[PDB]
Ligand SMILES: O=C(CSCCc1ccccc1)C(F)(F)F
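One chain comes next, on its own, written out as structure tokens in the form deposited without the ligand.
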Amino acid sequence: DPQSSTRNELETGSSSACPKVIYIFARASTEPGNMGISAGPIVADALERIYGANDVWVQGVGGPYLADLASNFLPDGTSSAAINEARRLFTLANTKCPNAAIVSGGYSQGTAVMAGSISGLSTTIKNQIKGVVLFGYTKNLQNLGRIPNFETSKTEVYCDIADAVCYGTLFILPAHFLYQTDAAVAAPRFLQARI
């Protein structure tokens, strides 16, 4: 499969051609584009082959989400700027396509983007988000395995045991990508079952 680290299908999408699924993703620290090159596109590919590329809009959280190392250490685990950009994309999804199933994901830092943005969204927009997958959730223990104010039923955390940040340890840049299987198999099935 082509690997596209920049996906802007919500941004450029027409409210005259709303898809069945809108898939929004926040990448890990240091990853290129707005999708990164690991869990982001793996999930993108996996969903597009469940429903067809035409019936899924794939959107990265780019712009002011720079995915830098320093932001992991801030109280929220990422920047306010990144959180606000993700809020803006969720709102744009609801605005453009209120009847579409929103699903989203985050890997490492991108999970903090997801937690911080989604926790602040309206009842209406949250209800539109059918499922959220959090690979290497860096605030896992701190946030009690959930996104605040977002249904735990619609939320899945993926942690590998070699991932100490999932389990309270202060942030370290992951030396290895640990979520190939979770991203390829478990996550797209969890999302599909909520669409």
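Note that residue numbering follows the sequence shown and begins at 1.
One more form of this protein exists, namely the form deposited with the ligand bound; it is left out here, but the text below deals with it.
Placing the ligand onto this chain by superimposing the site C-alphas, using its pose in the bound PDB entry, gives at least 3 ligand atoms within 2.4 angstroms of backbone or C-beta atoms, which makes the site blocked. Per the 4.5 Å heavy atom criterion, the ligand in the bound PDB entry is contacted by stretch 24-32, the sole one of 24-32, 125-133, 150-158, 51-59. In the bound PDB entry, the ligand sits within 4.5 Å of a heavy atom belonging to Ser108. Although the partner is absent here, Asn72 is a contact residue: one of its heavy atoms lies within 4.5 angstroms of the ligand in the bound PDB entry. Contact annotation: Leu47 falls outside 4.5 Å of the ligand in the bound PDB entry, judged by heavy atom distances.
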